[PDB]
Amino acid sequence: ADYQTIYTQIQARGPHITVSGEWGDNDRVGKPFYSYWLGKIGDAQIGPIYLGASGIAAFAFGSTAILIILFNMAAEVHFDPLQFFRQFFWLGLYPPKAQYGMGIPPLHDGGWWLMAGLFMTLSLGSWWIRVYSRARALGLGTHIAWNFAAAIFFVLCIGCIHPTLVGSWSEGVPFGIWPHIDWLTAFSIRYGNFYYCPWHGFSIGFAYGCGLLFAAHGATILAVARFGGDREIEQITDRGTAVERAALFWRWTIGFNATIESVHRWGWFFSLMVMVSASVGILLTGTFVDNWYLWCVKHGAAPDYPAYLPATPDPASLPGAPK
């Protein structure tokens, strides 16, 4: 049983390697230190880390963002340190509760939330530049940046594009552990059950699919680690028995296969599709669909079931019923 797949039996140590970037080499700060335990199930070396302007601007904004949020959370518990720590999950920074349309809202009712969102956005943008640049600097394709771009795009969608489209900040996602989660239900309830939103389903399909692909891709490589499967790059440029067997394993199993390079494209695509799909679902929601369930009924999709307990007429529609 290749134990190498479980953890590294004999760790190794050697001179700290470094690849020069088209720039920013002098911006790598930190002293590479090793961790024995980490190295058991990974690479022991921790650091150094590239700084750069993007990275700094990122922390700059992110922090500003985080600070605006915490201060507001703190303000919720009236700054009582014990309750703040106790009620943390329940604390949050909410978008405007009242309807102001697209008008900038009062600081105490959406204003702060709006600002936090602005700084978080700029922070995300800067980090995107970072993820992108580092790629160019190291002479690599900008694939990650694109997948990450989809993710930032989706955040923008639930964050302000959707609210913009329907014209109301109150639709935004609040900052907070439980709070941002409570939004998922309020949002779904409002748009008539997200389970009936085709894009929700698509997104889930790809998510679940990413699960299937990594479990499968990962197990595949471990299963061929004895042949070097993990050295994917040279497996691409020079097919080796590793990927040949990886391929035949699947072809003989499901009838068709991929290449060591293509499977990464599949995975990349799937990942991307999770975010692209949901972005569309959100862009469509509120804008052109108000109740995904009725929308499905309209197009003959929604399933129906017999009543178990007697069907119940809406009381409010009966003759002579209160308001």
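Residues carry their position along the shown sequence, with the first being 1.
### 48-56 versus 271-279 - greater average Cα B-factor per the deposited record
Averaged over C-alpha atoms, the B-factors run higher in 48-56.
### Average Cα temperature factor in the PDB entry - higher stretch of 151-159, 79-87
The recorded data point to 79-87.
#### Entry: Out of 103, 201, 176, 240, residue topping the C-alpha B-factor column of the entry
Spelled out: the listed residue with the top C-alpha B-factor is 103.
### Query
Among 184, 221, 107, 236, which carries the highest Cα B-factor?
In the PDB entry, the greatest C-alpha B-factor among 184, 221, 107, 236 is found at 107.
### Query
Which third of the chain holds residue 35 when residues are ordered by C-alpha B factor: lowest, middle or highest?
Highest third of the chain for residue 35's C-alpha B-factor.
### Message
Please say which third, lowest, middle or highest, residue 136 falls into when its CA temperature factor is compared across its chain.
### Response
It falls in the top third of the chain.
### Task
Check where residue 189 lands among this chain's C-alpha B-factors and tell me if it's the lowest, middle or highest third.
Bottom third by C-alpha B-factor.
### Query
Based on the entry's values, in what third of the chain does the Cα temperature factor of residue 227 lie: lowest, middle or highest?
Answer is lowest: the recorded C-alpha B-factor places it there.
### Query
According to the PDB entry, is the CA B factor of residue 288 in the bottom, middle or top third of its chain, that is, lowest, middle or highest?
Answer is middle: the recorded C-alpha B-factor places it there.
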